[PDB]
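Just so it is clear, none of the values below were taken in a lab; they were calculated from the coordinates. Cβ: placed from backbone, ideal geometry, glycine included. Neighbour counts: every protein chain shown.
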Amino acid sequence: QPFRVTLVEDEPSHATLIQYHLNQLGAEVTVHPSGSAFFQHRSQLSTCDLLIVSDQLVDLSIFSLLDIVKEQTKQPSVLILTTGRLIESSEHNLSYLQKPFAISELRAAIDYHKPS
């Protein structure tokens, strides 16, 4: 099976860097350059295995974003790229990675959310 990853990130240089490593770890990646891009494709999260989202999209809060994910009938694992330092959820699928991060951490993270 494929490892479908959706990347929602609005700094294009962090997005392209993350996308490069996703492709080296063997992901089929969908990149949404904004929160509005993500919203208009809400529906395709039922086929996503891992959602990597920034904590600080200029046009959608992580809270709204996470509540939109919660409306879907199949929810992915979520990896939240953060600065500050942890959102209280009772779905158990939020993991976090703090920027600035080492590339090794990014890749361990992504690999620990692969199948099977």
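Consider the range 8-26 and keep the residues that are in contact with a strand residue (DSSP E or B) (Cβ under 8 Å, 6 or more places away or on another chain) and either of a type in the set (S, T, N, Q) or assigned to a helix (DSSP H, G or I) (or both). The one that is surrounded by the fewest Cβ atoms within 10 Å (Cβ to Cβ) is 23. Could you check, for the range 94-109, whether at least one of its residues is assigned to a loop (DSSP other than H, G, I, E, B), touching a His at 6+ places or on another chain (Cβ under 9 Å) and of a type outside the set (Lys, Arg)? For the range 94-109, residues assigned to a loop (DSSP other than H, G, I, E, B), touching a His at 6+ places or on another chain (Cβ under 9 Å) and of a type outside the set (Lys, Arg): absent. Against the test of being surrounded by 15 or more Cβ atoms within 10 Å (Cβ to Cβ), touching a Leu at 6+ places or on another chain (Cβ under 6 Å) and of a type in the set (A, V, I, L, M), the options 60, 81, 66 yield a single qualifying residue, 81.
Rundown of residues vs (1) farther than 16 Å from residue 8 by Cα; (2) more than 11 Å from the chain's Cα centre (by Cα); (3) of a type in the set (S, T, N, Q), yes/no style:
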{"residue": "25", "(1), (2), (3)": "yes, yes, no"}
{"residue": "36", "(1), (2), (3)": "no, yes, yes"}
{"residue": "61", "(1), (2), (3)": "no, yes, yes"}
{"residue": "66", "(1), (2), (3)": "no, no, no"}
{"residue": "71", "(1), (2), (3)": "yes, yes, no"}
{"residue": "89", "(1), (2), (3)": "yes, yes, yes"}
{"residue": "93", "(1), (2), (3)": "yes, yes, yes"}
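Each residue in the range 56-92 was checked for being part of a loop (DSSP other than H, G, I, E, B) and under 14 Å from residue 7 (Cβ atoms), and 2 of them qualify. In the range 13-27, the residues that are at positive phi form no Cβ pair under 7 Å with any partner that is among the polar types (S, T, N, Q) and exposed (fewer than 14 other Cβ atoms within 10 Å of the Cβ), whether six or more places apart or across chains. Candidates in the range 98-116 are the residues that are crowded, with 16+ Cβ neighbours inside 10 Å and of a type in the set (A, V, I, L, M, F, W, C); of these, the one that is farthest from residue 51 (Cα to Cα) is 106.
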